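**Q** Top line first, the protein sequences correspond to chains A and B.
Under the authors' numbering, read the first sequence as residues 2 to 35, 35A to 35B, 36 to 82, 82A to 82C, 83 to 97, 100G to 100K, 101 to 126, 130 to 215, first letter to last.
Under the authors' numbering, read the second sequence as residues 3 to 9, 11 to 27, 27A to 27C, 28 to 95, 95A, 96 to 106, 106A, 107 to 210, first letter to last.
Heads up, the beta-carbon is just placed ideally off N, CA and C, and yes, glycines get one too.
My structure is below; once you've seen it, I'll send some questions.
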Amino acid sequence: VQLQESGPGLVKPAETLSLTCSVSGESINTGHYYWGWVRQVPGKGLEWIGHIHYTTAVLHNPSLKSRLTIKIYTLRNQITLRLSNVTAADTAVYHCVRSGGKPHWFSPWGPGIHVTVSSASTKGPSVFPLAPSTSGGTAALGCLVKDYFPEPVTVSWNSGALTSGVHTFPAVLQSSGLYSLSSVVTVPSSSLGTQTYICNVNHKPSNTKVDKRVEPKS
Amino acid sequence: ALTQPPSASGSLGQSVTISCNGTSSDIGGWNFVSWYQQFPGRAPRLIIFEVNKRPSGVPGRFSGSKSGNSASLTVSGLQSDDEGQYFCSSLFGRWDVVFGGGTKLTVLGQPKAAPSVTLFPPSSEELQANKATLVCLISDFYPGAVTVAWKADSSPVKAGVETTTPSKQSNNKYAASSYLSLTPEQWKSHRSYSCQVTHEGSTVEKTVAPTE
Ligand SMILES: *[C@@H]1O[C@H](CO)[C@@H](O)[C@H](O)[C@H]1NC(C)=O
Ligand SMILES: *[C@@H]1O[C@H](CO)[C@@H](O)[C@H](O)[C@H]1NC(C)=O
């Protein structure tokens, strides 16, 4: 019913990539569903890594097959993907997958986890406030998330209690190679003096969480 | 792998067809061809699992067909929602699944929407990191194409600019952002800075000054 992917977001070149998938809403035991991994790469479309089902029936993608190891744990409800001799060509968003039927169609898909393949070091973001630039009865205020690596960051407002009028912009790669993005929320102007707005920035690759309160300039 | 066109387009209410071409062993040989929908920033979603057939959620506007080695996906009565990237999948042998390169589908009859531009000066907290960033946020516009130019006083700035490619958003319109990086000194050494966003021959300019 629902799928989740976990594992490191950064891998150094020539090192092995390990990822785990946890399935909820379904047994991992049924006649017959294979369970699996598919990936998406920048500058190209989807590439099927392959799927495994118990006891040990597996399918592997050619070229990939030599590096690639895949194991299924039925007891935990967890599946694991391993890929060796990782090269920049393996930088990709990896999706957990349920195969259906030998299977030919994939659903549902896990949200996916980014993996960047680089020798560069990890760096948490610097978060700076953007003070409220008004439309009558509505002001925009936000957070600037600068110089982080690698992707992604997530942003919420007031611990998730704010969803109306929230927009988070796509990140920018820079000449430095550090990413930056910003997130903004539209709020009633009358509320600025009485209500406190806090953006919650999460960056899993560096295990950084930053909660920045944004104050109106005086 | 499988071959599909890089892009395709149609008007609202109208029909669009995109194709997936394969080797005798891939599409001509076996019945199974799946089709997937991916909105940007989201995981793909299954639209077809067997060349004709449809999953329980999927709308009837989506239909599949096959002829020899070629597979076709047809979207009938286009909606702004349908604008996205579409992929096709077929079996290569007992041992393999193969994916098409993907097709970018735009709906081509849609109303123009002017961008909303918000410009932010460097925060005080930032300016004593010894850094300075001007932030130009552009939202709620269609078509998804803009030009961004920066001005120091009346003269153009090229050095510090970084600009995103525009991308689709939940409301079905487009957002983009542009950043100008400065040292605190050059920030303080000018009267004002400006962000100009040009969209469909019309421009919006916002200005910020260190004195604010
Ligand atoms: C591992 O990948 C690297 C990438 O440069 C390549 O040079 C090397 O030949 C690969 N190793 C083997 C045993 O193929
Ligand atoms: C695929 O092959 C079909 C055969 O009917 C052709 O008509 C179509 O234009 C082709 N498309 C591509 C992208 O090769």
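#1: Could you tell me which chain A residues have their CB closer than 9 Å to the CB of B/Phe62, listed as they occur along the chain?
#2: Return no unless some Cβ of chain B is closer than 8 Å to the Cβ of A/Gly10.
#3: Is B/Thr145 near ligand 1 - that is, is its Cβ less than 7 Å away from at least one heavy atom of it?
#4: Let me know if B/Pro8 comes out buried or exposed under the rule of 16 or more other beta-carbons within 10 Å of its beta-carbon.
#5: Are the C-beta of A/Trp154 and some C-beta of chain B separated by less than 8 Å?
#6: Per DSSP, which residues does B/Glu83 bridge with? Please list them.
#7: Starting from the beta carbon of B/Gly99, find every residue of chain A whose beta carbon is closer than 9 Å, and list them in chain order.
#8: Buried or exposed: where does A/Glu212 fall if 16 or more other Cβ atoms within 10 Å of its Cβ makes it buried?
#9: Beta carbon of A/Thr83: closer than 7 Å to some heavy atom of ligand 1?
#10: State yes or no: is the C-beta of A/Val24 within less than 8 Å of the C-beta of A/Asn76?
#11: Whether or not the stretch 136–149 of chain A and the stretch 195–205 of chain A are in contact is what I'm after, with contact meaning three or more pairs of Cβ atoms, one per stretch, closer than 8 Å; do they touch?
#12: Could you work out which residues of chain B lie near A/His91, taking near to mean beta carbons separated by less than 9 Å?
#13: Just to be sure I understand the criterion: a residue counts if its Cβ is closer than 7 Å to at least one heavy atom of ligand 2. Which residues meet that?
#14: If the criterion is Cβ atoms closer than 8 Å, does the pair B/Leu178 and B/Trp148 meet it?
#15: Could you list which residues in chain B have their beta carbon closer than 7 Å to that of A/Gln171, in chain order?
#16: Could you tell me which of B/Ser137, B/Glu183 and B/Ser22 sits nearest to B/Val195, measuring between CA atoms?
#17: Can the beta-carbon of B/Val19 be found closer than 8 Å to that of B/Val75?
#18: Give a yes or no on whether 8 Å exceeds the smallest Cβ distance from A/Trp103 to chain B.
#19: Going by beta carbon distance, what residues of the same chain come within less than 8 Å of residue 2 of chain B, once the five residues before and after it are set aside?
#20: To which residues does DSSP link A/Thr135 through a beta bridge?
**A** So, from the data block:
#1: As a position in the second sequence, residue 62 of chain B is number 62, starting the count at 1. By Cβ distance, chain A contributes nothing, its closest Cβ being about 14 Å from B/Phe62, past 9 Å.
#2: Your numbering for residue 10 of chain A matches position 9 in the first sequence. No, A/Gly10 does not count as interfacial toward chain B.
#3: As a working note, residue 145 of chain B is residue 147 in the second sequence. B/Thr145 has its CB no nearer than 7 Å to any heavy atom of ligand 1.
#4: For the purposes of this step, residue 8 of chain B is identified with residue 6 of the second sequence, where counting begins at 1. With fewer than 16 Cβ atoms within 10 Å of its Cβ, B/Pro8 is classed as exposed.
#5: Here residue 154 of chain A refers to the residue found at position 157 of the first sequence. The beta carbon of A/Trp154 does not come within 8 Å of any beta carbon belonging to chain B, so the residue lies off that interface.
#6: Working through the second sequence from its first residue, we reach residue 83 of chain B at position 83. The partner list for B/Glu83 (beta bridge, DSSP) is empty, contrary to what the question assumes.
#7: Translated into the one-based positions of the second sequence, residue 99 of chain B becomes position 100. Result: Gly44 and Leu45.
#8: Sequence index remark: in the first sequence, residue 212 of chain A carries index 215 (1-based). Exposed is the call here.
#9: As a working note, residue 83 of chain A is residue 87 in the first sequence. Result yes, Cβ under 7 Å from ligand 1.
#10: Counted from its first residue, the first sequence places residue 24 of chain A at position 23. Counted from its first residue, the first sequence places residue 76 of chain A at position 77. Yes, the pair counts as a contact, with Cβ atoms nearer than the cut-off.
#11: The answer is yes - the stretch 136–149 of chain A touches the stretch 195–205 of chain A, with three or more Cβ pairs under 8 Å.
#12: For the purposes of this step, residue 91 of chain A is identified with residue 95 of the first sequence, where counting begins at 1. Within chain B, the residues near A/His91 are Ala43 and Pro44.
#13: Listed by position along the chain, the residues with Cβ atoms less than 7 Å from a non-hydrogen atom of ligand 2 are B/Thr5, B/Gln6, B/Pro7, B/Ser22, B/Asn24, B/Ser67 and B/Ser70.
#14: Against the second sequence, residue 178 of chain B aligns to sequence position 180. Against the second sequence, residue 148 of chain B aligns to sequence position 150. Taking 8 Å as the Cβ cut-off, B/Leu178 and B/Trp148 qualify as a contacting pair.
#15: As a position in the first sequence, residue 171 of chain A is number 174, starting the count at 1. For the C-beta of A/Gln171, the chain B residues within less than 7 Å are, from N- to C-terminus, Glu160.
#16: Residue numbering aside, residue 195 of chain B sits at position 197 when the second sequence is read from its first letter. Selected option, being the one with the closest Cα: B/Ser137.
#17: Here the question's residue 19 of chain B lines up with position 16 in the second sequence. Here the question's residue 75 of chain B lines up with position 75 in the second sequence. The Cβ-Cβ distance between B/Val19 and B/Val75 falls below 8 Å.
#18: For this step, residue 103 of chain A is matched to residue 109 along the first sequence. It does: the Cβ of A/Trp103 has a partner Cβ on chain B nearer than 8 Å.
#19: Absent from the structure is residue 2 of chain B, since the part of chain B shown begins at 3 and ends at 210.
#20: Stepping through the first sequence from its first residue, residue 135 of chain A is reached at position 138. Its beta-bridge partners are A/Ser132.
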